[PDB]
file my_file-v5.pdb (PDB, C-alpha atoms and all ligand atoms)
ATOM      1  CA  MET A   1      22.709   8.285  -2.591  1.00  0.00           C
ATOM      2  CA  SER A   2      18.925   8.080  -2.899  1.00  0.00           C
ATOM      3  CA  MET A   3      15.662   9.293  -1.365  1.00  0.00           C
ATOM      4  CA  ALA A   4      11.874   8.975  -1.423  1.00  0.00           C
ATOM      5  CA  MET A   5       8.750  10.565   0.059  1.00  0.00           C
ATOM      6  CA  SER A   6       5.817   9.892   2.387  1.00  0.00           C
ATOM      7  CA  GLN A   7       2.819   7.617   1.824  1.00  0.00           C
ATOM      8  CA  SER A   8      -0.071   9.886   2.837  1.00  0.00           C
ATOM      9  CA  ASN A   9      -0.812  10.812  -0.779  1.00  0.00           C
ATOM     10  CA  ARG A  10      -1.167   7.117  -1.622  1.00  0.00           C
ATOM     11  CA  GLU A  11      -3.721   6.679   1.158  1.00  0.00           C
ATOM     12  CA  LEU A  12      -5.809   9.248  -0.712  1.00  0.00           C
ATOM     13  CA  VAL A  13      -5.890   7.165  -3.887  1.00  0.00           C
ATOM     14  CA  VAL A  14      -7.105   4.123  -1.958  1.00  0.00           C
ATOM     15  CA  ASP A  15      -9.614   5.867   0.306  1.00  0.00           C
ATOM     16  CA  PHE A  16     -11.029   7.878  -2.598  1.00  0.00           C
ATOM     17  CA  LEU A  17     -10.886   5.036  -5.117  1.00  0.00           C
ATOM     18  CA  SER A  18     -12.999   2.894  -2.798  1.00  0.00           C
ATOM     19  CA  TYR A  19     -15.435   5.788  -2.445  1.00  0.00           C
ATOM     20  CA  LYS A  20     -15.715   6.226  -6.211  1.00  0.00           C
ATOM     21  CA  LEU A  21     -16.204   2.463  -6.443  1.00  0.00           C
ATOM     22  CA  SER A  22     -18.815   2.116  -3.698  1.00  0.00           C
ATOM     23  CA  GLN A  23     -20.691   5.066  -5.187  1.00  0.00           C
ATOM     24  CA  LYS A  24     -20.999   2.861  -8.269  1.00  0.00           C
ATOM     25  CA  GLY A  25     -22.106  -0.155  -6.252  1.00  0.00           C
ATOM     26  CA  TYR A  26     -18.810  -2.044  -6.292  1.00  0.00           C
ATOM     27  CA  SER A  27     -16.533  -2.548  -3.285  1.00  0.00           C
ATOM     28  CA  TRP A  28     -14.647  -5.792  -2.665  1.00  0.00           C
ATOM     29  CA  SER A  29     -12.150  -6.147   0.183  1.00  0.00           C
ATOM     30  CA  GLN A  30     -10.936  -8.437   2.968  1.00  0.00           C
ATOM     31  CA  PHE A  31     -10.493  -8.786   6.732  1.00  0.00           C
ATOM     32  CA  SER A  32      -7.725  -9.614   9.209  1.00  0.00           C
ATOM     33  CA  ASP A  33      -6.601  -9.567  12.845  1.00  0.00           C
ATOM     34  CA  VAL A  34      -4.280  -7.282  14.813  1.00  0.00           C
ATOM     35  CA  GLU A  35      -4.734  -6.092  18.410  1.00  0.00           C
ATOM     36  CA  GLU A  36      -6.808  -3.362  20.060  1.00  0.00           C
ATOM     37  CA  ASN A  37      -9.514  -2.576  22.615  1.00  0.00           C
ATOM     38  CA  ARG A  38     -12.223  -0.028  23.408  1.00  0.00           C
ATOM     39  CA  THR A  39     -14.668   1.130  26.081  1.00  0.00           C
ATOM     40  CA  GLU A  40     -16.664   4.326  25.569  1.00  0.00           C
ATOM     41  CA  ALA A  41     -19.312   4.452  22.842  1.00  0.00           C
ATOM     42  CA  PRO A  42     -19.015   3.053  19.286  1.00  0.00           C
ATOM     43  CA  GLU A  43     -20.654   4.926  16.411  1.00  0.00           C
ATOM     44  CA  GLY A  44     -20.226   6.258  12.890  1.00  0.00           C
ATOM     45  CA  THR A  45     -17.812   9.016  13.876  1.00  0.00           C
ATOM     46  CA  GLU A  46     -16.212  11.075  11.107  1.00  0.00           C
ATOM     47  CA  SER A  47     -13.144  13.268  10.603  1.00  0.00           C
ATOM     48  CA  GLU A  48     -12.797  16.652   8.893  1.00  0.00           C
ATOM     49  CA  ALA A  89      -9.648  16.777   6.763  1.00  0.00           C
ATOM     50  CA  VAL A  90      -8.333  15.659   3.368  1.00  0.00           C
ATOM     51  CA  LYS A  91     -10.491  12.529   3.438  1.00  0.00           C
ATOM     52  CA  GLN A  92     -13.829  14.337   3.718  1.00  0.00           C
ATOM     53  CA  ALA A  93     -12.604  17.324   1.702  1.00  0.00           C
ATOM     54  CA  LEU A  94     -11.160  15.330  -1.198  1.00  0.00           C
ATOM     55  CA  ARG A  95     -14.373  13.333  -1.627  1.00  0.00           C
ATOM     56  CA  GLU A  96     -16.744  16.315  -1.625  1.00  0.00           C
ATOM     57  CA  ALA A  97     -14.702  18.220  -4.210  1.00  0.00           C
ATOM     58  CA  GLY A  98     -14.753  15.067  -6.315  1.00  0.00           C
ATOM     59  CA  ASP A  99     -18.543  14.818  -6.347  1.00  0.00           C
ATOM     60  CA  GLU A 100     -18.925  18.537  -7.028  1.00  0.00           C
ATOM     61  CA  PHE A 101     -16.333  18.336  -9.809  1.00  0.00           C
ATOM     62  CA  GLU A 102     -18.298  15.997 -12.082  1.00  0.00           C
ATOM     63  CA  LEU A 103     -21.271  18.197 -11.200  1.00  0.00           C
ATOM     64  CA  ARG A 104     -19.956  21.592 -12.287  1.00  0.00           C
ATOM     65  CA  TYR A 105     -17.625  20.113 -14.903  1.00  0.00           C
ATOM     66  CA  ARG A 106     -19.789  17.161 -15.918  1.00  0.00           C
ATOM     67  CA  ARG A 107     -18.570  17.671 -19.482  1.00  0.00           C
ATOM     68  CA  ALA A 108     -15.024  18.795 -18.689  1.00  0.00           C
ATOM     69  CA  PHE A 109     -14.642  15.446 -16.929  1.00  0.00           C
ATOM     70  CA  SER A 110     -16.561  13.084 -19.210  1.00  0.00           C
ATOM     71  CA  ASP A 111     -14.649  14.254 -22.282  1.00  0.00           C
ATOM     72  CA  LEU A 112     -11.489  13.577 -20.269  1.00  0.00           C
ATOM     73  CA  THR A 113     -12.272  10.020 -19.160  1.00  0.00           C
ATOM     74  CA  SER A 114     -12.817   9.390 -22.872  1.00  0.00           C
ATOM     75  CA  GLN A 115      -9.298  10.579 -23.706  1.00  0.00           C
ATOM     76  CA  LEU A 116      -7.588   7.488 -22.290  1.00  0.00           C
ATOM     77  CA  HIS A 117      -8.711   3.862 -22.542  1.00  0.00           C
ATOM     78  CA  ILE A 118      -6.917   1.890 -19.825  1.00  0.00           C
ATOM     79  CA  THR A 119      -6.087  -1.734 -20.625  1.00  0.00           C
ATOM     80  CA  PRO A 120      -3.722  -4.576 -19.594  1.00  0.00           C
ATOM     81  CA  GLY A 121      -1.393  -3.618 -22.425  1.00  0.00           C
ATOM     82  CA  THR A 122      -1.631   0.064 -21.528  1.00  0.00           C
ATOM     83  CA  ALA A 123       1.688   1.659 -20.569  1.00  0.00           C
ATOM     84  CA  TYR A 124       1.965   3.865 -17.485  1.00  0.00           C
ATOM     85  CA  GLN A 125       3.412   6.387 -19.937  1.00  0.00           C
ATOM     86  CA  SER A 126       0.186   6.794 -21.901  1.00  0.00           C
ATOM     87  CA  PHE A 127      -1.263   7.716 -18.509  1.00  0.00           C
ATOM     88  CA  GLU A 128       1.237  10.264 -17.216  1.00  0.00           C
ATOM     89  CA  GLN A 129       0.766  11.860 -20.638  1.00  0.00           C
ATOM     90  CA  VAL A 130      -2.967  12.598 -20.598  1.00  0.00           C
ATOM     91  CA  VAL A 131      -2.732  13.768 -16.979  1.00  0.00           C
ATOM     92  CA  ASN A 132       0.166  16.007 -17.986  1.00  0.00           C
ATOM     93  CA  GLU A 133      -1.824  18.093 -20.472  1.00  0.00           C
ATOM     94  CA  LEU A 134      -4.663  18.601 -17.997  1.00  0.00           C
ATOM     95  CA  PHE A 135      -1.856  19.756 -15.690  1.00  0.00           C
ATOM     96  CA  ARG A 136       0.141  21.628 -18.338  1.00  0.00           C
ATOM     97  CA  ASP A 137      -1.331  24.981 -17.299  1.00  0.00           C
ATOM     98  CA  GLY A 138       0.429  25.220 -13.949  1.00  0.00           C
ATOM     99  CA  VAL A 139      -1.021  23.514 -10.887  1.00  0.00           C
ATOM    100  CA  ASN A 140      -4.009  24.451  -8.733  1.00  0.00           C
ATOM    101  CA  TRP A 141      -6.194  22.624  -6.200  1.00  0.00           C
ATOM    102  CA  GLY A 142      -8.933  22.731  -8.813  1.00  0.00           C
ATOM    103  CA  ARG A 143      -7.036  20.695 -11.392  1.00  0.00           C
ATOM    104  CA  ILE A 144      -5.792  18.505  -8.542  1.00  0.00           C
ATOM    105  CA  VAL A 145      -9.213  17.263  -7.457  1.00  0.00           C
ATOM    106  CA  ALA A 146     -10.572  17.495 -10.999  1.00  0.00           C
ATOM    107  CA  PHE A 147      -7.705  15.120 -11.743  1.00  0.00           C
ATOM    108  CA  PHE A 148      -8.197  12.598  -8.937  1.00  0.00           C
ATOM    109  CA  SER A 149     -11.654  11.948 -10.365  1.00  0.00           C
ATOM    110  CA  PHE A 150     -10.164  11.157 -13.776  1.00  0.00           C
ATOM    111  CA  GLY A 151      -8.601   8.088 -12.213  1.00  0.00           C
ATOM    112  CA  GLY A 152     -11.712   7.105 -10.302  1.00  0.00           C
ATOM    113  CA  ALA A 153     -13.540   6.892 -13.613  1.00  0.00           C
ATOM    114  CA  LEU A 154     -10.812   4.645 -15.011  1.00  0.00           C
ATOM    115  CA  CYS A 155     -11.526   2.158 -12.227  1.00  0.00           C
ATOM    116  CA  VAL A 156     -15.288   2.326 -12.713  1.00  0.00           C
ATOM    117  CA  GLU A 157     -14.576   1.534 -16.357  1.00  0.00           C
ATOM    118  CA  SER A 158     -12.245  -1.338 -15.484  1.00  0.00           C
ATOM    119  CA  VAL A 159     -14.708  -3.122 -13.207  1.00  0.00           C
ATOM    120  CA  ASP A 160     -17.455  -2.549 -15.770  1.00  0.00           C
ATOM    121  CA  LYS A 161     -15.250  -4.671 -18.023  1.00  0.00           C
ATOM    122  CA  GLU A 162     -14.656  -7.240 -15.279  1.00  0.00           C
ATOM    123  CA  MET A 163     -11.058  -6.048 -15.001  1.00  0.00           C
ATOM    124  CA  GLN A 164     -10.997  -4.799 -11.408  1.00  0.00           C
ATOM    125  CA  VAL A 165      -7.472  -6.224 -11.346  1.00  0.00           C
ATOM    126  CA  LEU A 166      -6.519  -2.917 -12.962  1.00  0.00           C
ATOM    127  CA  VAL A 167      -7.698  -0.887  -9.967  1.00  0.00           C
ATOM    128  CA  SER A 168      -4.583  -1.973  -8.074  1.00  0.00           C
ATOM    129  CA  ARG A 169      -2.483  -0.709 -10.985  1.00  0.00           C
ATOM    130  CA  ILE A 170      -3.991   2.710 -11.702  1.00  0.00           C
ATOM    131  CA  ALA A 171      -3.861   3.097  -7.925  1.00  0.00           C
ATOM    132  CA  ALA A 172      -0.079   2.712  -7.892  1.00  0.00           C
ATOM    133  CA  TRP A 173       0.324   4.821 -11.028  1.00  0.00           C
ATOM    134  CA  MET A 174      -1.350   7.717  -9.219  1.00  0.00           C
ATOM    135  CA  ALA A 175       0.761   7.570  -6.062  1.00  0.00           C
ATOM    136  CA  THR A 176       3.696   7.686  -8.476  1.00  0.00           C
ATOM    137  CA  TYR A 177       2.545  10.772 -10.373  1.00  0.00           C
ATOM    138  CA  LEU A 178       1.335  12.530  -7.224  1.00  0.00           C
ATOM    139  CA  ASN A 179       4.782  12.012  -5.696  1.00  0.00           C
ATOM    140  CA  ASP A 180       6.630  13.055  -8.860  1.00  0.00           C
ATOM    141  CA  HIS A 181       4.334  15.689 -10.382  1.00  0.00           C
ATOM    142  CA  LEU A 182       2.458  17.160  -7.413  1.00  0.00           C
ATOM    143  CA  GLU A 183       4.202  16.385  -4.120  1.00  0.00           C
ATOM    144  CA  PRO A 184       6.695  19.243  -4.728  1.00  0.00           C
ATOM    145  CA  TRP A 185       3.694  21.456  -5.482  1.00  0.00           C
ATOM    146  CA  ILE A 186       1.436  20.489  -2.577  1.00  0.00           C
ATOM    147  CA  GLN A 187       4.415  21.145  -0.301  1.00  0.00           C
ATOM    148  CA  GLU A 188       4.698  24.659  -1.733  1.00  0.00           C
ATOM    149  CA  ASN A 189       1.094  25.636  -0.976  1.00  0.00           C
ATOM    150  CA  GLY A 190       0.873  24.482   2.628  1.00  0.00           C
ATOM    151  CA  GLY A 191       0.271  20.824   1.873  1.00  0.00           C
ATOM    152  CA  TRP A 192      -3.314  19.614   2.180  1.00  0.00           C
ATOM    153  CA  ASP A 193      -4.041  21.483   5.414  1.00  0.00           C
ATOM    154  CA  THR A 194      -4.645  24.414   3.062  1.00  0.00           C
ATOM    155  CA  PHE A 195      -6.960  22.579   0.663  1.00  0.00           C
ATOM    156  CA  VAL A 196      -9.178  21.497   3.559  1.00  0.00           C
ATOM    157  CA  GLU A 197      -9.032  25.030   4.952  1.00  0.00           C
ATOM    158  CA  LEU A 198     -10.272  26.503   1.667  1.00  0.00           C
ATOM    159  CA  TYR A 199     -12.520  24.211  -0.388  1.00  0.00           C
ATOM    160  CA  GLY A 200     -13.481  21.867   2.437  1.00  0.00           C
ATOM    161  CA  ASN A 201     -16.394  21.184   4.781  1.00  0.00           C
ATOM    162  CA  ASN A 202     -15.163  22.811   7.989  1.00  0.00           C
ATOM    163  CA  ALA A 203     -13.934  25.509   5.617  1.00  0.00           C
ATOM    164  CA  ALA A 204     -17.241  25.941   3.792  1.00  0.00           C
ATOM    165  CA  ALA A 205     -19.088  26.532   7.059  1.00  0.00           C
ATOM    166  CA  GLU A 206     -16.268  28.770   8.274  1.00  0.00           C
ATOM    167  CA  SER A 207     -16.721  30.997   5.228  1.00  0.00           C
ATOM    168  CA  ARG A 208     -20.446  31.426   5.874  1.00  0.00           C
ATOM    169  CA  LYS A 209     -19.745  32.335   9.507  1.00  0.00           C
ATOM    170  CA  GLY A 210     -18.120  35.504   8.224  1.00  0.00           C
ATOM    171  CA  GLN A 211     -20.574  36.432   5.479  1.00  0.00           C
ATOM    172  CA  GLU A 212     -23.621  35.888   7.689  1.00  0.00           C
ATOM    173  CA  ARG A 213     -21.699  38.217   9.989  1.00  0.00           C
ATOM    174  CA  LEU A 214     -20.670  40.933   7.537  1.00  0.00           C
ATOM    175  CA  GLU A 215     -24.246  41.219   6.287  1.00  0.00           C
ATOM    176  CA  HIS A 216     -25.306  41.756   9.897  1.00  0.00           C
ATOM    177  CA  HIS A 217     -22.879  44.679  10.040  1.00  0.00           C
ATOM    178  CA  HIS A 218     -23.966  46.747   7.043  1.00  0.00           C
ATOM    179  CA  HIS A 219     -27.496  46.121   8.313  1.00  0.00           C
ATOM    180  CA  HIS A 220     -26.827  47.502  11.794  1.00  0.00           C
ATOM    181  CA  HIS A 221     -24.624  50.221  10.303  1.00  0.00           C
TER     182      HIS A 221
HETATM  183  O1  LIG A 301     -12.268  24.071 -11.086  1.00  0.00           O
HETATM  184  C1  LIG A 301     -11.182  24.192 -11.641  1.00  0.00           C
HETATM  185  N1  LIG A 301     -10.324  25.055 -11.097  1.00  0.00           N
HETATM  186  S1  LIG A 301     -10.668  25.968  -9.701  1.00  0.00           S
HETATM  187  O2  LIG A 301     -11.142  27.411 -10.173  1.00  0.00           O
HETATM  188  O3  LIG A 301      -9.244  26.080  -9.021  1.00  0.00           O
HETATM  189  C2  LIG A 301     -11.834  25.191  -8.632  1.00  0.00           C
HETATM  190  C3  LIG A 301     -13.191  25.369  -8.856  1.00  0.00           C
HETATM  191  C4  LIG A 301     -14.110  24.731  -8.033  1.00  0.00           C
HETATM  192  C5  LIG A 301     -13.688  23.914  -6.974  1.00  0.00           C
HETATM  193  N2  LIG A 301     -14.684  23.256  -6.123  1.00  0.00           N
HETATM  194  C6  LIG A 301     -16.152  23.294  -6.176  1.00  0.00           C
HETATM  195  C7  LIG A 301     -16.688  22.109  -6.972  1.00  0.00           C
HETATM  196  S2  LIG A 301     -16.152  22.146  -8.711  1.00  0.00           S
HETATM  197  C8  LIG A 301     -14.547  21.470  -8.934  1.00  0.00           C
HETATM  198  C9  LIG A 301     -13.891  21.531 -10.164  1.00  0.00           C
HETATM  199  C10 LIG A 301     -12.619  20.984 -10.289  1.00  0.00           C
HETATM  200  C11 LIG A 301     -12.005  20.377  -9.195  1.00  0.00           C
HETATM  201  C12 LIG A 301     -12.670  20.321  -7.965  1.00  0.00           C
HETATM  202  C13 LIG A 301     -13.946  20.870  -7.832  1.00  0.00           C
HETATM  203  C14 LIG A 301     -12.292  23.741  -6.740  1.00  0.00           C
HETATM  204  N3  LIG A 301     -11.688  22.888  -5.633  1.00  0.00           N
HETATM  205  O4  LIG A 301     -12.388  22.275  -4.843  1.00  0.00           O
HETATM  206  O5  LIG A 301     -10.479  22.780  -5.489  1.00  0.00           O
HETATM  207  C15 LIG A 301     -11.380  24.396  -7.587  1.00  0.00           C
HETATM  208  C16 LIG A 301     -10.821  23.400 -12.892  1.00  0.00           C
HETATM  209  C17 LIG A 301     -11.788  22.521 -13.383  1.00  0.00           C
HETATM  210  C18 LIG A 301     -11.553  21.759 -14.515  1.00  0.00           C
HETATM  211  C19 LIG A 301     -10.334  21.836 -15.221  1.00  0.00           C
HETATM  212  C20 LIG A 301     -10.123  21.061 -16.376  1.00  0.00           C
HETATM  213  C21 LIG A 301     -11.209  20.384 -17.001  1.00  0.00           C
HETATM  214  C22 LIG A 301     -11.061  19.607 -18.142  1.00  0.00           C
HETATM  215  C23 LIG A 301      -9.785  19.493 -18.688  1.00  0.00           C
HETATM  216  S3  LIG A 301      -9.365  18.601 -20.073  1.00  0.00           S
HETATM  217  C24 LIG A 301      -7.665  19.139 -19.829  1.00  0.00           C
HETATM  218  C25 LIG A 301      -6.533  18.737 -20.738  1.00  0.00           C
HETATM  219  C26 LIG A 301      -7.011  18.011 -22.007  1.00  0.00           C
HETATM  220  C27 LIG A 301      -6.187  16.768 -22.362  1.00  0.00           C
HETATM  221  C28 LIG A 301      -6.571  15.510 -21.886  1.00  0.00           C
HETATM  222  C29 LIG A 301      -5.825  14.379 -22.207  1.00  0.00           C
HETATM  223  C30 LIG A 301      -4.690  14.497 -23.005  1.00  0.00           C
HETATM  224  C31 LIG A 301      -4.300  15.744 -23.484  1.00  0.00           C
HETATM  225  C32 LIG A 301      -5.045  16.877 -23.164  1.00  0.00           C
HETATM  226  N4  LIG A 301      -7.470  19.898 -18.820  1.00  0.00           N
HETATM  227  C33 LIG A 301      -8.660  20.131 -18.132  1.00  0.00           C
HETATM  228  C34 LIG A 301      -8.836  20.917 -16.969  1.00  0.00           C
HETATM  229  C35 LIG A 301      -9.358  22.728 -14.715  1.00  0.00           C
HETATM  230  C36 LIG A 301      -9.597  23.493 -13.578  1.00  0.00           C
END
call {"tool": "encode", "arguments": {"input": "my_file-v5.pdb", "output": "structure tokens"}}
result
Amino acid sequence: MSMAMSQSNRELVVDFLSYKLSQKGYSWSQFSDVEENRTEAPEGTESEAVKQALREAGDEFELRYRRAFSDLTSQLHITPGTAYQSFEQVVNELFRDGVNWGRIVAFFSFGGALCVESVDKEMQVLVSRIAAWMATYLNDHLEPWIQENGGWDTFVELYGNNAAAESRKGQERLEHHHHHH
């Protein structure tokens, strides 16, 4: 008997990773062929879920916790001889005190920095690794958690764009009340 999980989480590591990379100037990728059509009106077009949410939180994280993050990225020096263990360790402590969206996003970034550091050392080859190491920890040290707090749908409904605006809707309203009161 055996069993596994989904892949969504993994998609986050890739999508985000790329973002953290592009933000630094890097990128790298490839193309291919499949099969599809279209006939309406092409344009940027954007979503409004984990993708957008995750990113934002990431940028704001290093902003509010510029130090809390920096000091972290300096706690682990990824290398070819580095063992996935040395990784799951550092991330463990930062996650020792229970689990909360905050630490979650604050964590994701940790990895992003690792990649930025790898490329800086002309070792982008690592990116692929750290990327897999995350999807492994997120599915063995978070999955069970994220599924106990309403998955991501909740994270995007709390500390997310559509959510941010939603919050204001109320406030701007409440204030109007006391005023008319
Ligand atoms: O912010 C946090 N929590 S929150 O109140 O739930 C929150 C606060 C703000 C936001 N968003 C607004 C932007 S700020 C932000 C901050 C964090 C995440 C996302 C956003 C969000 N959120 O979006 O989910 C959540 C938060 C922020 C930082 C840390 C944090 C920082 C450094 C370290 S170093 C360490 C172990 C050391 C150690 C290292 C190695 C080896 C051994 C020991 N553990 C750490 C934990 C822990 C929690």
call {"tool": "residues_near_ligand", "arguments": {"input": "my_file-v5.pdb", "ligand": "ligand LIG 301 (chain A)", "cutoff": "6 Å", "atoms": "only C-alpha atoms and all ligand atoms", "output": "VMD selection string"}}
result
chain A and resid 97 to 98 100 to 101 104 108 to 109 112 115 130 133 to 134 140 to 143 145 to 146 199
call {"tool": "atom_distance", "arguments": {"input": "my_file-v5.pdb", "atom1": "atom CA of residue 221 of chain A", "atom2": "atom CA of residue 209 of chain A"}}
result
18.6 Å
call {"tool": "residues_around", "arguments": {"input": "my_file-v5.pdb", "residues": "residue 4 of chain A", "least_positions_apart": "4", "cutoff": "12 Å", "atoms": "all atoms listed in the file", "output": "PyMOL selection string"}}
result
chain A and resi 176+179-180+183-184
call {"tool": "atom_distance", "arguments": {"input": "my_file-v5.pdb", "atom1": "atom CA of residue 210 of chain A", "atom2": "atom CA of residue 48 of chain A"}}
result
19.6 Å
call {"tool": "closest_residue", "arguments": {"input": "my_file-v5.pdb", "among": "A:42, A:181, A:205, A:35", "to": "residue 136 of chain A", "atoms": "all atoms listed in the file"}}
result
A:181
